[PDB]
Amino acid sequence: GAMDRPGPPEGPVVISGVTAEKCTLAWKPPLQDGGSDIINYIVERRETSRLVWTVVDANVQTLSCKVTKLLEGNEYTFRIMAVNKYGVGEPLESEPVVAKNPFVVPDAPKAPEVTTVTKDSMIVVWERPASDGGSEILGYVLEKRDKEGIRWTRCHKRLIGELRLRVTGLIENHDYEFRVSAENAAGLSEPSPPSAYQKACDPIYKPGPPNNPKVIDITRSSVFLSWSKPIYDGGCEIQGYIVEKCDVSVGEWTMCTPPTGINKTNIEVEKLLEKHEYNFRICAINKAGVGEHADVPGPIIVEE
């Protein structure tokens, strides 16, 4: 048919790479070229307050254009026209875009730390950005890796909204290392360095004091003591008890057992000085160590 100028560029204008000084536009060719091929495109800009369109590039041989010399804080709208041998077609106008610098993802956090461990769980804790640089952190992603495993795995879906997570579902006696990432509106940070490997196992602690230490009977040179298992065994097996004596005139706590201890809740302390006055301490032994002493009630006079 008869020939004329091209149709408008097609499609939504797509704006990308927006900073405070530049941005990038892309469009698609017009559906109709008017009967002659499109020679070049014309890209124009107009700050929203202004009336005059200003030329960005009058000879764009591309479906994209890099706009520069933009000005921080100003809002712009952009225009694209197709040109052929018979003239300039109707424009394709973009949506308004403000020249802002983009938001940035947070910095990689510092390495997390494990605190409380069971055979199946670990509490992991980490720090906020030391200073509130405008990260605007929304939450965290905690990852774990088994020492006998290949890849890092998430300990949870979506985000952790605090500085801590009790990670469960851990395999007893496996060793795990942790790393944490921080996410803001811009996206996910690079991960932190890893924690040191920790083994999933129940901790053991020194035992508590022996229970109900008491005197049973007294002779001319001996004292009979008795007690019961400590209420708190330290998650560990009581393997023995240490008994100590003190002369109240002297004040030096001497031993009444080998350091190994005694495997009974009773003892007969013998060869004690007659009519002297004593105090007695009893201690429990774990694989972890010797726990707190329990003092026998009052001082005792060795008599009959």
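Position 1 is the first residue in the sequence shown; the rest follow in order.
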query: Greater mean Cα temperature factor according to the PDB record, 219-227 or 153-161; finding: 219-227
query: Residue range whose averaged C-alpha B-factor is higher in the record, 256-264 or 274-282; finding: 256-264
query: Of the residues 189, 211, 168, 77, the one carrying the largest Cα B-factor as recorded; finding: 211
query: Most elevated Cα B-factor in the entry, residues 126, 178, 103, 140; finding: 103
query: For residue 133, the third of its chain into which the C-alpha B factor falls; finding: highest
query: Where the record places residue 69 (Cα B-factor, split into thirds across the chain); finding: middle
query: CA B-factor placement of residue 144, once the chain's modelled residues are sorted into thirds; finding: lowest
query: Chain-relative CA temperature factor third for residue 120; finding: lowest
query: Third assignment of residue 17 from its chain's C-alpha B-factors; finding: lowest
